[PDB]
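What follows is one structure encoded as structure tokens, with my remarks underneath.
Read-outs: derived from the displayed coordinates by stated rules, not from any lab. Here the Cβ is made from the backbone with ideal geometry for all residues, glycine too, and neighbour counts use every protein chain on show.
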Amino acid sequence: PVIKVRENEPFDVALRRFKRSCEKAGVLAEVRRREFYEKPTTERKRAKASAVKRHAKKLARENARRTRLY
Amino acid sequence: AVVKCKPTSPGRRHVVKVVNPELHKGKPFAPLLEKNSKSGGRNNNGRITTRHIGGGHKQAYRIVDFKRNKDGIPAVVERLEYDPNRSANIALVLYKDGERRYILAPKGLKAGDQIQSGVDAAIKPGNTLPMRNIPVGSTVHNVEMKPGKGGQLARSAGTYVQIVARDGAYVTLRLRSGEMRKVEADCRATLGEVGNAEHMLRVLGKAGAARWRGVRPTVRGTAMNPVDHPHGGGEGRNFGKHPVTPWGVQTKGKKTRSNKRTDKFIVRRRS
Amino acid sequence: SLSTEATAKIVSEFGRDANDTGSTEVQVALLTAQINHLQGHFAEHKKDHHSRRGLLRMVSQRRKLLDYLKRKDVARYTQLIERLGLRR
Amino acid sequence: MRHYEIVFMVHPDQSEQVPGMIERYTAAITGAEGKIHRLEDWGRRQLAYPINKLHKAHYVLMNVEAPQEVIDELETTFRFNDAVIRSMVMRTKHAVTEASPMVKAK
Amino acid sequence: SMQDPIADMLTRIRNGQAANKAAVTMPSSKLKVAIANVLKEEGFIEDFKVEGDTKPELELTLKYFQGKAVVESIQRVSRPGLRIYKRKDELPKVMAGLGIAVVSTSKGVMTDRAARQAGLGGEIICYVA
Amino acid sequence: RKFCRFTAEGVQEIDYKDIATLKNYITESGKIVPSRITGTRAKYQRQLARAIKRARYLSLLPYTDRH
RNA sequence: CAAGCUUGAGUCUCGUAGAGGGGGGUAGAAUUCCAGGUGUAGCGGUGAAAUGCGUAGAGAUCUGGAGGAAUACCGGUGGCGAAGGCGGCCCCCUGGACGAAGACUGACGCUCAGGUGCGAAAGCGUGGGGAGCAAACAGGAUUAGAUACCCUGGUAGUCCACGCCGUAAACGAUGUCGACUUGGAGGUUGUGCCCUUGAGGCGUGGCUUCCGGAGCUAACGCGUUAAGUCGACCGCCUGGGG
Ligand SMILES: [Mg+2]
Ligand SMILES: [Mg+2]
Ligand SMILES: [Mg+2]
Ligand SMILES: [Mg+2]
Ligand SMILES: [Mg+2]
Ligand SMILES: [Mg+2]
Ligand SMILES: [Mg+2]
Ligand SMILES: [Mg+2]
Ligand SMILES: [Mg+2]
Ligand SMILES: [Mg+2]
Ligand SMILES: [Mg+2]
Ligand SMILES: [Mg+2]
Ligand SMILES: [Mg+2]
Ligand SMILES: [Mg+2]
Ligand SMILES: [Mg+2]
Ligand SMILES: [Mg+2]
Ligand SMILES: [Mg+2]
Ligand SMILES: [Mg+2]
Ligand SMILES: [Mg+2]
Ligand SMILES: [Mg+2]
Ligand SMILES: [Mg+2]
């Protein structure tokens, strides 16, 4: 998040590095998470839904690879 | 411990006893005993100046060492004795030069424990040394207001003060009442909380248990006549006025402190 | 826990050889030593229910082994109880 | 008796008496047949974050083969001391007499 | 725990027949060998062989006919939780005489058809069909 | 594709004193990288987490990017 | 009933992983409050607004201090625990599990009516503590009405110690124990080997997700961790309401 201006660095690329570092640290995401209190049931349920969807998309990738269309 | 009595009779049904098995059974130390006759709340004019005091069991005063000025001399605790003259228990410490003294027993103190005094005393419960050497944030008790005057603060059963800061020739103290007060760093103090913290858990149980303690019955002003109390009396239970002392200064909120000489030391008031 | 020298000692005087670690009498002696050891632990860790479960497993295990010895023969059972300090 | 290692951080402005501090502690352990299996005075080091309004410190790591009780008084001397800004005691599975990577680089 | 080793034997034949296994293996016992002998005399199994000394094991060689299991249904009647004993005149006839009922009588473990002509009767171990 | 680094050389624990192979698993904000991206084995990532926590306790390594 | 056997059940030996438990410390980020500096007209909030805070100087920003609670990243249909549950790091005490090669006991086993013990959150008793959050309650909106949803506040409670309570969609809506029955991909933890060459493969265990075969099922589906094939014992059910 802390960025220093190097030599031959215009404001354009300076702000781009700022923004890119913002996602990499993820700071905006974690602020939105703590914006509201979430129940242990709720994080467990959301993570379980996330896990099943990642896994479902995972094997759907191989099934689409192994199937033949037209 | 906290012992609840069985309801063998009324006046024993609600009694809760505080029993300390480590308290010495027998007679106190003779040289350190002195008489204190009772007053009944009466001054040298013979008039009742503080009400609701009278009678109770006869007591003898114990010369308790609040100054703790036997410096550089380690002492060993012999007995933890009951003291009728305070809510805290006392300890008969025997210095290694042959002197016995009464001190306020801290929380962790027991027979055979070593206590010490002076600017080189170790940081340990029962050790007394000035706050310029006591670390900040520690719990201390038996705090003296002026150097050499002897301990005056945190002397009840389970009380203590927190040393929260120090700046130059003063230290800031959080008192058990919950205010911040500045006291000079030359003032001595004893480490640890004072013991017998179960003292507050007892209940007297009877109207006579208070009489043993020298407390006489309190008559409500609203139960009196107009000539006796401002709350006076009417037909039936009447109370149509703001609550006041028997002398017309009204309680239930009126602050009564007026001391501009000592206002400079009170960092914050209680709340 | 019970240490190597502690286990290997009580098995030495409850088992005929130093390799008789499975005899019923040495098992009860091992269990008794560990149970008496944990009494010191639980005299001031009353709220350790998870560990007290393990202690009761050993206590329950010892009762079953003692029951087995009594059914086999009361002679060696009675001798074991006296020398070990149990009642019943 | 088991294998411990203690690293303690002392205030930088009182680094002069730091060498003397090791002898006192090592003498206290050795009097109880404790062993000093590794010593490394790291000396001057800059901190990752400011502790006690200061950004500099004097690091001393040490490894001891010591009884259980002899380290309790060592930790309480750190707690009531003012020289050591921080202290740390850890169990170790075995002895480690080998030097640490950073000191061999420095 | 393990409380009906005879039920274990019958279950292994049934599961081996269903899964088209050539052979099954299982720890041996005298009553187990007697029931295997009954099945072998009766024609329901290919051959049984006992191997080992300290831990014997019955290696049974199952039987098949075309694409179907030879044993249509094998089940246990007398069980540890319910013992069943039958007299001479009340021996059951599994499937109207086209199946066998293993019977432990005084003379030995044997079929209902042979026990009914020996005139003994006894405990009903198993139904084989 | 990616293979764990500490599997290549026999390591018995991750050493907290090290700063090499600790600074690289910390990101620019001071956070510590998941096994997902750094391609390391779950056997050592618990040790790596413990090692990083010990190091940031002793101020060898920073909690955050600032301090 | 008698003697025996080692395959079930255990004991010992060396290790490995783990938010398993109880006690005591400690570190960093953040929130709130107090004291002061700088500074001026807003702040805060919403679908839109208002209550509220502020010219008696707020909010913002900087430096000190108090105090309580939880432990970002790691972090993962990962791990541990009989279940409930357990997440900073360290130390003290302590339980179980699994693996390797042996030694040893010799059916000592499974299940379990009554009984006992453990058992989220909320709640109750006594004494503390109380930053954040927040039943109740208050005010402002919304609405035909709004005892709500939204907003500004806010006490109990949430935190600690010791008791009591014994209830949850306490769920895998699936009792415990044992045996047998085609497969495939993972995760996690051991362990034997192979030119160990190596940043390579072949085996063997424990636990654990996903898909699916036979079979079973009213169907959905379960499918070697069964709801398949079977045995032991226990609990329970008998139309919907009442
Ligand atoms: Mg009065
Ligand atoms: Mg009164
Ligand atoms: Mg009265
Ligand atoms: Mg009257
Ligand atoms: Mg009258
Ligand atoms: Mg009047
Ligand atoms: Mg009146
Ligand atoms: Mg009246
Ligand atoms: Mg009247
Ligand atoms: Mg009237
Ligand atoms: Mg009136
Ligand atoms: Mg008046
Ligand atoms: Mg402000
Ligand atoms: Mg609760
Ligand atoms: Mg309460
Ligand atoms: Mg609200
Ligand atoms: Mg649950
Ligand atoms: Mg229920
Ligand atoms: Mg149910
Ligand atoms: Mg059971
Ligand atoms: Mg499936």
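Extent of chain D along its three principal axes (Cα atoms, max minus min coordinate, largest first): 38, 33, 22 Å.
Report note on the peptides A:6-17, D:20-31, C:18-29: ranked by the mean count of other C-beta atoms within 10 Å, highest first, their order is C:18-29, D:20-31, A:6-17. Computed extension gain for A:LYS58 through A:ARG6, at 0.36 nm per residue and net of the alpha carbon distance, reaches 14.5 nm.
Coordinate range of the alpha-carbon atoms in the protein assembly as shown per principal axis, descending: 130, 94, 71 Å.
Measuring nothing but how far apart in sequence close Cα pairs (under 8 Å, 6+ apart) lie, relative to its length, chain B scores a relative contact order of 17 percent. Charge tally for D:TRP42 (other residues, Cβ to Cβ under 11 Å; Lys, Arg +1; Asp, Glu -1): +2. Per-residue mean of foreign Cβ neighbours for F:27-38 is 2 (Cβ atoms of other chains, 10 Å radius). Across region B:75-86, rounded Karplus estimates of 3J(HN,Hα) from the backbone phi angles (6.51 cos²θ - 1.76 cosθ + 1.60, θ = phi - 60°) give 10, 10, 7, 8, 10, 9, 10, 5, 10, x, 8, 7 Hz, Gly and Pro being marked x. Taking every DSSP helix (H) stretch of at least 4 residues in the protein assembly as shown, weighting each as -39,500 (n - 2.57) and dividing the sum by the residue count yields a mean residue ellipticity at 222 nm of -9000 deg cm²/dmol. In whole Å, what is the distance between the alpha-carbon centres of region B:1-34 and region E:71-116? For region B:1-34 versus region E:71-116, the Cα centre distance is 84 Å.
Residue-wise HN-Hα couplings along region E:15-31, as the Karplus relation 6.51 cos²θ - 1.76 cosθ + 1.60 with θ = phi - 60° gives them from phi, are 6, x, 4, 5, 8, 6, 7, 5, 9, 10, 10, 6, x, 8, 7, 5, 5 Hz; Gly and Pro carry x.
Using a cutoff of 8 angstrom between alpha carbon atoms and counting only pairs six or more residues apart, the relative contact order for region B:67-176 works out to 21 percent.
In chain E, the alpha-carbon atoms span a convex hull of 112 Å³ per residue. Other residues within the sphere of radius under 9 Å centred on the Cβ of B:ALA185, judged by their own Cβ, net out at 0 (K and R +1, D and E -1). Distant-in-sequence amide contacts of B:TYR160, defined by a placed amide H-H separation under 5 Å and a gap of 5 or more residues or a different chain, comprise B:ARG176.
Taking the longest Cα principal axis of chain F as reference, the axis of helix F:42-57 is set at about 20 degrees.
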